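Got a structure for you, questions after.
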Amino acid sequence: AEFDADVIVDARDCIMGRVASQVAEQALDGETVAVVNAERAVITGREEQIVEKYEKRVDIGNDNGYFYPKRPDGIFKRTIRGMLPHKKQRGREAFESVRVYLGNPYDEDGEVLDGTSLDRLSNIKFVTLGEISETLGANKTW
Amino acid sequence: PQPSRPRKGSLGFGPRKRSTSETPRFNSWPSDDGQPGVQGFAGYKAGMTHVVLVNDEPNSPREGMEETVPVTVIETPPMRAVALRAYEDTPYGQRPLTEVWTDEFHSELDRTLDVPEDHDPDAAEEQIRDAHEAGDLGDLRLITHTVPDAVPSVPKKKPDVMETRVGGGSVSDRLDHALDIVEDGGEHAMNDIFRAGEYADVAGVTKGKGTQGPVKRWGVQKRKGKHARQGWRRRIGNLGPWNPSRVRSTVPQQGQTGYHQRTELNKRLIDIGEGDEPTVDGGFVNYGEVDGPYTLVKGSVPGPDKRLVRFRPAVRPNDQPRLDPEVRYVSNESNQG
Amino acid sequence: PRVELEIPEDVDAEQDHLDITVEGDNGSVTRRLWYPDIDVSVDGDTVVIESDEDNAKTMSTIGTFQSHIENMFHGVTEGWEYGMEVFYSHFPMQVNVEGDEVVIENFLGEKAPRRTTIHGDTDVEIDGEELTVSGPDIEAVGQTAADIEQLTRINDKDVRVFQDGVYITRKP
Amino acid sequence: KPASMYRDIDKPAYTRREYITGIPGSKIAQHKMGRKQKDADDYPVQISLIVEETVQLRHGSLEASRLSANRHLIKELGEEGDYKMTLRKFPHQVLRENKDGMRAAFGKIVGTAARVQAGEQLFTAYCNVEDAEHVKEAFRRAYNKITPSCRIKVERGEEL
RNA sequence: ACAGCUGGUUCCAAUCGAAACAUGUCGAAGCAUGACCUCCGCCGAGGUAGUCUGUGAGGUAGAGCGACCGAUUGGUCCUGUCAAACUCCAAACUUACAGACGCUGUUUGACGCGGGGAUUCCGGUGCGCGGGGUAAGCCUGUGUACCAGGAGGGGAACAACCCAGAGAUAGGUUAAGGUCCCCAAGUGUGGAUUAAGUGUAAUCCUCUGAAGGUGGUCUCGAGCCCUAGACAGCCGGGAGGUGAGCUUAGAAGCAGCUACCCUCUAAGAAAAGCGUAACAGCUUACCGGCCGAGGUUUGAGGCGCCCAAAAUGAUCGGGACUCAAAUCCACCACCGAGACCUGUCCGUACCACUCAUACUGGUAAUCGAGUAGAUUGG
RNA sequence: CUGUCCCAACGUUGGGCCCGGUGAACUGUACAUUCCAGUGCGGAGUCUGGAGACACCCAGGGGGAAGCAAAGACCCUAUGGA
RNA sequence: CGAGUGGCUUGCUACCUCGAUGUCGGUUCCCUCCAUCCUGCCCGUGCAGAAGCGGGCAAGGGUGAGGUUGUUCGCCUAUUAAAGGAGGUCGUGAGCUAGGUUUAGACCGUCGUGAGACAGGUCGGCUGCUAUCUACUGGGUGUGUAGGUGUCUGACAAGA
RNA sequence: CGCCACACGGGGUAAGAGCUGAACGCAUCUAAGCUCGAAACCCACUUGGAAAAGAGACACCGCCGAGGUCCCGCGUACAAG
Ligand SMILES: [Cl-]
Ligand SMILES: [Cl-]
Ligand SMILES: [Cl-]
Ligand SMILES: [Cl-]
Ligand SMILES: [Cl-]
Ligand SMILES: [Cl-]
Ligand SMILES: [Cl-]
Ligand SMILES: [K+]
Ligand SMILES: [Mg+2]
Ligand SMILES: [Mg+2]
Ligand SMILES: [Mg+2]
Ligand SMILES: [Mg+2]
Ligand SMILES: [Mg+2]
Ligand SMILES: [Mg+2]
Ligand SMILES: [Mg+2]
Ligand SMILES: [Mg+2]
Ligand SMILES: [Mg+2]
Ligand SMILES: [Mg+2]
Ligand SMILES: [Mg+2]
Ligand SMILES: [Mg+2]
Ligand SMILES: [Mg+2]
Ligand SMILES: [Mg+2]
Ligand SMILES: [Mg+2]
Ligand SMILES: [Mg+2]
Ligand SMILES: [Mg+2]
Ligand SMILES: [Mg+2]
Ligand SMILES: [Mg+2]
Ligand SMILES: [Mg+2]
Ligand SMILES: [Mg+2]
Ligand SMILES: [Mg+2]
Ligand code: NA
Ligand code: NA
Ligand code: NA
Ligand code: NA
Ligand code: NA
Ligand code: NA
Ligand code: NA
Ligand code: NA
Ligand code: NA
Ligand code: NA
Ligand code: NA
Ligand code: NA
Ligand code: NA
Ligand code: NA
Ligand code: NA
Ligand code: NA
Ligand code: NA
Ligand code: NA
Ligand code: NA
Ligand code: NA
Ligand code: NA
Ligand code: NA
Ligand code: NA
Ligand code: NA
Ligand code: NA
Ligand code: NA
Ligand code: NA
Ligand code: NA
Ligand SMILES: [Sr+2]
Ligand SMILES: [Sr+2]
Ligand SMILES: [Sr+2]
Ligand SMILES: [Sr+2]
Ligand SMILES: [Sr+2]
Ligand SMILES: [Sr+2]
Ligand SMILES: [Sr+2]
Ligand SMILES: [Sr+2]
Ligand SMILES: [Sr+2]
Ligand SMILES: [Sr+2]
Ligand SMILES: [Sr+2]
Ligand SMILES: [Sr+2]
Ligand SMILES: [Sr+2]
Ligand SMILES: [Sr+2]
Ligand SMILES: [Sr+2]
Ligand SMILES: [Sr+2]
Ligand SMILES: [Sr+2]
Ligand SMILES: [Sr+2]
Ligand SMILES: [Sr+2]
Ligand SMILES: [Sr+2]
Ligand SMILES: [Sr+2]
Ligand SMILES: [Sr+2]
Ligand SMILES: [Sr+2]
Ligand SMILES: [Sr+2]
Ligand SMILES: [Sr+2]
Ligand SMILES: [Sr+2]
Ligand SMILES: [Sr+2]
């Protein structure tokens, strides 16, 4: 489905939380952001502990519910939601004008935001979002 | 320190509510091993009878001897595969692409569907082939319906429509096999997919029992001894502890029992035939007389008589196939008596 | 730091990002040498492993990258050969190579055959009571030979009495 | 009883025996060990066990750490070996226990403890150059049986 | 009926503003008399919350005891320890009086005196010093500031922790705290450390984490060895007199006893460790060679790791963060209260004028929070 | 001897459910769709942080409202009573 | 001898509740913890084998029936792979039970001049309520997405 | 109380067994890398699930007519619905 994006962001080799922090700030300023290649987005640290944290969130829940996403599609969306006052009017409008995607559905290349890019030649202790999703049990469709 | 005991009833068939479709819907299909073919069939439950059979298992001490085996008679007349649906591999899973229909429609099909008058089967076929060239074609399934009119004991003439997967060799060869079945009139029988002795998976919407208490619904105890005479007979002890201050959905409570979909695994097909051979004297109670294409399923089958059941080649068999068992006797004795 | 390794005349060395392909007469081996701030490049005739950092963790891996590259040189020229001998006390053991895997039958009197898959382009050759595992990739040969010794593992009974099994005799 | 109940200096100095009665005797057998007839200056090496934290060490803890320290020297250098160890601290602080709820709470006398400040030498050994590594192991066993962390400081010995 | 016991007791505003303590009490759920709050009248020039100096009082901390006293080691003077009810010593500090400076009072009358009215005598917390108790969100003192009766800003929430004491309205600048998003302000600068998501937790019932351990890693130093080739590895040599003597059937490097001697030489033990019934066998010492650059030993510091087990759903508030959005050392720029500055207005007090407490003009850096209660105008 | 129990089933009668008519009471500071943790006079639907949550209605068995009903019978206290 | 963790035992305190938060044991039904009894995979042995003994990972599942006793605990029997422990207001009385504790009747022993007492024993001895909110189990009606029929997809959710 | 049905196998790990391997010329299962390995984890399998607010997809019928409701005879359904 078509989405009139102002800013198209390439998450490839980029630190998730840092991209998320900027995307939320832009969404509140009225921008229509679209995070692309989220499966290839990165999160620094020891894989084993990162997965433990995300697996605990999948195990947590009850009758009221704690729906935690397994796909990198939704994991990124939830990370952005946590940086937004989503229950307020202004924050919900900001959130609904931000959409994360698997790959790139557009014709344009996404712009790599400043200070978010991770140098692979200087780092080995990190995980890709797709790698977390595969361990969580999500069906690989990318 | 108060003895341990497994909880009352399973939590895997939840929520225990009424089924959306009376027509069963398979959630899994067999692998692509052999030659191209339709991965399922459907029929209408008739009733039960026993059969005398010769033991087929080589590991059994009683090999060759006469064994009495219970059997459910299911009337399985030829169905019609009216169309071929194609799925595409989108980043959000499998989504339907297009459908290739026919010209030859069963007279009584307009009781469920809005029958196609103007369709383009060639352009739709091309769309599926471009998707195959692009390498984005998911799986190929056939829209199928039954002919309840061919069954005299079943009151309905309104066809039961369901989708069934085509599995087999390569994606190119099974696309063509699917199109061939459709183009004719879609007419196929139980013989085309199944052979006697094969293990099938039977799915059905169970016998409706309305609202029932925890004892019947979850298999909890009745109040014992002195506790049975105080004003509480078939009600559970407590709805939960003080803390958490809420009732958990895991505690056995009242509600809908029956009319749920169940998929009974590894059902041996004793015999497939056509005639009045499995019929009971005086007719099957609350059904009628069987004189046509049938199947004899070993043991029980979910749902009551007249209900539509579905077949699928076993996705998880334990034993190796022992084809065409020797049926020495079929009981024709009255189910009344 | 910087360490230069001269490639032998029999050898050809190429590079694709972090991957290094080393070719020769006994075959070809491709390895991925990735570590923070360590750049491994082919300077036409020599292989250079250099870094701007001199810390213990960086130095550890520079030394590891050296041995890995030098081993690929030996592998594509001379090759890697591990020698093995089969021993049995009561039951005649049948050690055979069936396709892409080495099978061990009637081990310690078992009815069920013990099997393990051969790693890479490694070749296991049987000569009655002696076995010789060989190939260009030390990782693949070292493991395939190890896998065979491990295949006859016994945890339930005393290993000193029940000594049956294939063992490594020669390590290169 | 655990040393958690007595390790800290939080009560006043309670040592005055002319006002305190029924005080249990010290479990400490000897204070001067080894060759007590010989002088301390007759030895080249002098190593002390320095207590890092200010504490109260019970007589039973003092005897356990003294016994396991000297017993190692008796094993490695012999029963009449050429060494002389000294425990310079004496258990002067009298300890109570309230063993009725909190009414008339003043405890009955249960034992004694030695008040040792931080940086102080609890044990001080005097040995020869060959027996310097045997005495470092005697103090390594001794520090495990008292409450604080310790330093094994070599005071008079540039033989390394 | 009485009750020292519970509950309730109705309009506005202005000024001041407690005590939860002492003595006595069949008193401890209550009173009385004091302390303390308030109002009125009198008196008429001093006053003393701070500091400095002078003249005095003092034995707590610390310390020490061949200075008393009582504890408490060992050796053939020397040597090892202590004290709430010890002291040859001895503070900081508290305190009496006076002088000086400061501040204050003489129309705002201080200091003080007399009289009327109370309330109060369940307190609590933080910090310092305590005493009891294993400990306690424990019990019981003391000094002090706060809550009670104290707003507003910060701390996720949160009486007493930080900023801050506050008339209304308005502009501005800061305080504590904070500047990646949620969220106002930095994805700031120079530099280093950490790989554990350690950590992102001032204080705390609340934020644990210990003894012990750590070739995890960073940094600083000391001794020794080294191109006359160090450290390690690998190769070669590790020889005879003789298989030492005694012991013994035997013991021949290697059961035990004693000695532990000298040739050859570049080394090679009367043998350091396995091995054999005893031999034999494999190695260590020691020497040579190949190789080629620092190596080895010890001391100290920083951050981390191990030690580390709990009950409905994990957490630094959350998101999440790794040359940081952590930590430590400096630095730069900002955000951020009702505080501070500033305009106008109000109340109250005082001054000038006045019959006035009606106007008008003036002063307040040294006026403006408040439960019980005293006083007063409406 | 037997359904007390293993271990529960089927049935019978009156209710229960729907319709006409009749028609109360208990209870109500307010707000109120909650759940998990935290915090707070240490036992929170309402405070903090998150999670979840479209509204209304029917039937149910009673987990919570430290549920409703009773100015605790127990304990101590009062210069109470009998 | 020294250092800790837990919050299951007991004790301490008196913060919360005296215009009442029903109480031991049991029962019934649900969730959980791991310091693991069995089952899976491992290391060591004073590991021949068989059978053990000790240790590690691990909480998916299981851990049952009975004789005395109100008992919890425990003692005992026969089975068993094993017949583990603990938290949830010592989970659970607007669920049950009333055997115990805990009134008013009575007896015995002990104590008391006596009325009477007992942290002794013994027989008997009462258990209210029509669910407003919330919570969950199942069942409907609407609105949203924006003409209809049929077929599906799968974010998430549950399972032993 | 009767009868029928309820895997195997993948993937990633723990404890553990190892390979290659350096810091530390040797050695070393670990520091980077890799092969294995639990009834436990994920998938497999069953059940629910367009109210998933990114509120979905496909095909055909239809917008003056497709379809639906009421009505009528009944149950494979059912306390009302
Ligand atoms: Cl959930
Ligand atoms: Cl919000
Ligand atoms: Cl890294
Ligand atoms: Cl019961
Ligand atoms: Cl003030
Ligand atoms: Cl994290
Ligand atoms: Cl007025
Ligand atoms: K109470
Ligand atoms: Mg019959
Ligand atoms: Mg019959
Ligand atoms: Mg007033
Ligand atoms: Mg006024
Ligand atoms: Mg002193
Ligand atoms: Mg008050
Ligand atoms: Mg901002
Ligand atoms: Mg942490
Ligand atoms: Mg209640
Ligand atoms: Mg009362
Ligand atoms: Mg009484
Ligand atoms: Mg009287
Ligand atoms: Mg464990
Ligand atoms: Mg054995
Ligand atoms: Mg469990
Ligand atoms: Mg109990
Ligand atoms: Mg209870
Ligand atoms: Mg209850
Ligand atoms: Mg009751
Ligand atoms: Mg009731
Ligand atoms: Mg009785
Ligand atoms: Mg009784
Ligand atoms: Na991160
Ligand atoms: Na979840
Ligand atoms: Na009743
Ligand atoms: Na007492
Ligand atoms: Na009275
Ligand atoms: Na009094
Ligand atoms: Na009183
Ligand atoms: Na003056
Ligand atoms: Na002091
Ligand atoms: Na008082
Ligand atoms: Na104040
Ligand atoms: Na605040
Ligand atoms: Na963390
Ligand atoms: Na007042
Ligand atoms: Na009956
Ligand atoms: Na009323
Ligand atoms: Na309830
Ligand atoms: Na009376
Ligand atoms: Na503890
Ligand atoms: Na307790
Ligand atoms: Na209670
Ligand atoms: Na009970
Ligand atoms: Na388990
Ligand atoms: Na019993
Ligand atoms: Na209760
Ligand atoms: Na009870
Ligand atoms: Na009751
Ligand atoms: Na596996
Ligand atoms: Sr910004
Ligand atoms: Sr289907
Ligand atoms: Sr499905
Ligand atoms: Sr009853
Ligand atoms: Sr609660
Ligand atoms: Sr104290
Ligand atoms: Sr210690
Ligand atoms: Sr004083
Ligand atoms: Sr920055
Ligand atoms: Sr920096
Ligand atoms: Sr608390
Ligand atoms: Sr430590
Ligand atoms: Sr005012
Ligand atoms: Sr005022
Ligand atoms: Sr004031
Ligand atoms: Sr009811
Ligand atoms: Sr554990
Ligand atoms: Sr076991
Ligand atoms: Sr019985
Ligand atoms: Sr007992
Ligand atoms: Sr219980
Ligand atoms: Sr009773
Ligand atoms: Sr009586
Ligand atoms: Sr009694
Ligand atoms: Sr709306
Ligand atoms: Sr491992
Ligand atoms: Sr929809």
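Bear in mind these aren't lab numbers, they're just calculated from the coordinates by the rules spelled out. For neighbour counting, all protein chains shown are included, and Cβ atoms are generated from backbone atoms with ideal geometry for every residue, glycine included.
Name the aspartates and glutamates eligible as straight-distance cross-link partners of B:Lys207: C-alpha to C-alpha under 19 Å, and not fewer than 8 places from it in the same chain.
Filter leaves B:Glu22, B:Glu75, B:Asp160, B:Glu264, B:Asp305.
OK, next. Treating only the Cβ atoms of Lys and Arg (+1) and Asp and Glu (-1) as charged, compute the dipole magnitude of chain B about its Cα centre; round to the nearest 20 debye. Please list the in-between numbers first.
On the way: 46 positive and 52 negative charges, 1059 e Å.
Once rounded to the nearest 20, the dipole reads 5080 debye.
Moving on to the next point. From the P(r) of region C:1-79, can you give the percent of Cα pairs sitting at distances over 19 Å? Each step should come with its number before you reach the end.
Values: 939 of 3081 pairs.
Result for the distance tail: 30 percent.
Could you tell me which of rounded, prolate or oblate describes region B:78-188, using a ≥ b ≥ c as the square roots of the eigenvalues of the alpha-carbon gyration tensor, with rounded for a/c under 1.5 and, failing that, prolate when a/b is larger than b/c and oblate otherwise? Could you put the intermediate results ahead of the total?
Values: a/c = 2.09, a/b = 1.96, b/c = 1.07.
Taking the square roots of the gyration eigenvalues as a ≥ b ≥ c, region B:78-188 is prolate.
Once you treat every alpha carbon in the protein assembly as shown as an equal point and sum by Debye, what is log10 I(q)/I(0) at q = 0.05, 0.06, 0.10 Å⁻¹?
Results for the protein assembly as shown at q = 0.05, 0.06, 0.10 Å⁻¹ read -0.60, -0.83, -1.29.
Let me ask you something else. For a footprinting-style exposure proxy, rank B:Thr164, B:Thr68 by other Cβ within 10 Å, fewest first. Intermediate values should be presented prior to the final figure.
Working: B:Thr164 21, B:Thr68 10.
Going from least to most buried by this count: B:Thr68, B:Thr164.
A further question on this structure: What are the ³J(HN,Hα) values, in whole Hz, obtained from phi via the Karplus relation 6.51 cos²θ - 1.76 cosθ + 1.60 with θ = phi - 60°, for each residue of region C:121-126 in sequence order, with x given for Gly and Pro?
8, 7, 10, 10, 10, 9
Treating only the Cβ atoms of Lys and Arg (+1) and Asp and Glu (-1) as charged, compute the dipole magnitude of region C:1-143 about its Cα centre; round to the nearest 20 debye.
Numbers: 7 positive and 35 negative charges, 189 e Å.
Value, rounded to 20: 900 debye.
Can you compute the modelled spin-label distance between C:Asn106 and A:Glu47, with each label point 7 Å from Cα toward Cβ, in nm?
In this crude spin-label approximation the distance works out to 4.4 nm.
Net charge within 14 Å of D:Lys27 by Cβ-Cβ distance, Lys/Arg positive one each and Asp/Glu negative one each, not counting D:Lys27 itself? Before the final figure, lay out the partial values.
Details: positive: D:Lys1, D:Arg58, D:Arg66, D:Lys89, D:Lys145; negative: D:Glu63.
So the surrounding residues net to +4.
Once all Cα-Cα distances of chain B are split into 10 Å bins that start at 0, what whole-number percent is in each one?
Whole-percent P(r) values from 0 Å outward: 5, 20, 26, 23, 16, 8, 2, 0.
Less than 12 Å Cβ to Cβ from D:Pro148, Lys/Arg counted +1 and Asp/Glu -1: what total charge do the surrounding residues give?
Working: positive: D:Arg7, D:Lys145, D:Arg151; negative: D:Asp8, D:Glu52, D:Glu53, D:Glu120.
Within the 12 Å Cβ shell, the charges total -1.
Could you tell me which of rounded, prolate or oblate describes chain D, using a ≥ b ≥ c as the square roots of the eigenvalues of the alpha-carbon gyration tensor, with rounded for a/c under 1.5 and, failing that, prolate when a/b is larger than b/c and oblate otherwise? Write out the running numbers ahead of the final one.
Details: a/c = 2.60, a/b = 2.22, b/c = 1.17.
Judged from the Cα gyration tensor, chain D comes out prolate (a/c at least 1.5, a/b above b/c).
Rounded if a/c is under 1.5, else prolate if a/b is larger than b/c, else oblate: which is chain A, with a ≥ b ≥ c the root eigenvalues of its Cα gyration tensor?
Note, shape of chain A comes out oblate.
Grab the DSSP H runs of chain A that are 4 residues or longer, score each as -39,500 (n - 2.57), total them, divide by all residues and round the 222 nm result to the nearest 500 deg cm²/dmol.
Values: 5 runs with 50 residues, N = 142.
Estimated from H runs of four or more residues: -10500 deg cm²/dmol.
Given all pairs of different Cα atoms, what value in angstroms does the Kirkwood hydrodynamic radius of region B:208-287 take? Kindly include the intermediate steps, with their values, before the conclusion.
Values: mean 1/r = 0.0575 Å⁻¹.
The Cα-based Kirkwood calculation yields 17.4 Å.
Another question about this same structure. Distance cut-off 29 Å, Cα to Cα: go down the list B:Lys298/C:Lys111; B:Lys17/B:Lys45; A:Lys56/B:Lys267; D:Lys32/D:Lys99; D:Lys32/D:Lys108 and report the pairs above it. Before the final figure, lay out the partial values.
Numbers: B:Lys298/C:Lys111 35 Å; B:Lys17/B:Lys45 23 Å; A:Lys56/B:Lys267 40 Å; D:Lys32/D:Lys99 35 Å; D:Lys32/D:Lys108 31 Å.
Pairs exceeding the cut-off: B:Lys298/C:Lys111; A:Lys56/B:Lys267; D:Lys32/D:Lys99; D:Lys32/D:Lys108.
Compare the peptides B:112-118, B:77-83 by average per-residue count of other Cβ atoms within 10 angstrom and give them in order, highest first.
Numbers: B:112-118: 9.7, B:77-83: 22.9.
Packing proxy ranking, top to bottom: B:77-83, B:112-118.
A:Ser117: net charge of surrounding residues, Cβ under 13 Å, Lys/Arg +1, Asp/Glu -1, itself excluded?
-1
Counting DSSP beta bridges in chain A, what percent are antiparallel, to the nearest 5? Each step should come with its number before you reach the end.
Details: 4 of 13 bridges.
Antiparallel: roughly 30 percent of the beta bridges in chain A.
Based on alpha-carbon centroids, what's the gap between region B:1-45 and region A:117-142 in Å, whole number please?
35
Can you give the helix-only mean residue ellipticity at 222 nm for chain C, where every DSSP H stretch with n ≥ 4 adds -39500 (n - 2.57) and the sum goes over all residues, rounded to the nearest 500 deg cm²/dmol? List each step's numbers first, then the result.
Numbers: 2 runs with 35 residues, N = 172.
Roughly -7000 deg cm²/dmol at 222 nm, from the helical runs in chain C.
Which of the GluC sites (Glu not before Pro) across region A:46-141 are loop residues per DSSP, with 12 or fewer other Cβ within 10 Å?
Those satisfying the criteria are A:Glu96, A:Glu108.
Between B:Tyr92 and B:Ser21, how high is the FRET efficiency from 1/(1 + (r/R0)^6) when r is the Cβ-Cβ distance and R₀ = 25 Å? Nearest 0.05.
0.60
For the Cα atoms of chain C, what angle does the longest principal axis make with the long axis of helix C:56-77, in degrees from 0 to 90, nearest 10?
Once rounded, one gets 70 degrees.
Also, I was wondering about something else. How large is ³J(HN,Hα), in whole Hz, for each residue of region D:84-96 in order, when computed from phi with the Karplus curve 6.51 cos²θ - 1.76 cosθ + 1.60 and θ = phi - 60°, using x for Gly and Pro?
In residue order, the calculated couplings are 8, 9, 9, 9, 8, 9, 10, x, 8, 6, 7, 9, 10 Hz.
Give the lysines reachable from D:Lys75 as a straight Cα distance under 17 Å; neighbours fewer than 8 places away on the same chain don't count.
Once the sequence-local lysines are set aside, what remains near D:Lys75 is D:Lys84, D:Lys136.
Specify the angular offset, from 0 to 90 degrees and rounded to the nearest 10, of the alpha carbon long axis of helix B:171-184 from the longest principal axis of the alpha carbons in chain B.
Roughly 80 degrees, rounded to the nearest 10.
Can you tell me the 0 to 90 degree angle between the C-alpha axis of helix C:138-150 and the longest principal axis of chain C, rounded to 10?
So the helix axis and the longest Cα principal axis differ by about 20 degrees.
Would you calculate a helix-derived [θ] at 222 nm for chain B, using -39,500 (n - 2.57) for each DSSP H run of n ≥ 4 and dividing by the full residue count, to the nearest 500? The partial results should precede the final answer.
Numbers: 4 runs with 36 residues, N = 337.
Rounded to the nearest 500, it is -3000 deg cm²/dmol.
If you don't mind, another one. Between their Cα atoms, which of C:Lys57/D:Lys153; A:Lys125/C:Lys171; A:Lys53/A:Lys140; B:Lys8/B:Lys157 are more than 31 Å away from each other?
Details: C:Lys57/D:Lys153 34 Å; A:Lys125/C:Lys171 34 Å; A:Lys53/A:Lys140 21 Å; B:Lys8/B:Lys157 41 Å.
Pairs exceeding 31 Å: C:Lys57/D:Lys153; A:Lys125/C:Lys171; B:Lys8/B:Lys157.
If you don't mind, there's one more thing I want to ask. Would you order A:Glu31, B:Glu198 from fewest to most other beta-carbon atoms within 10 Å of each residue's own beta-carbon? Write out the running numbers ahead of the final one.
Values: A:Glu31 16, B:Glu198 19.
By the 10 Å Cβ count, ascending, the order reads A:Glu31, B:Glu198.
Sort C:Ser41, D:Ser61, B:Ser245 by Cβ crowding within 10 Å, fewest neighbours at the top. Show your work: numbers first, answer last.
Working: C:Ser41 11, D:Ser61 21, B:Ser245 7.
Fewest-to-most Cβ neighbours within 10 Å comes out as B:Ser245, C:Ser41, D:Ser61.
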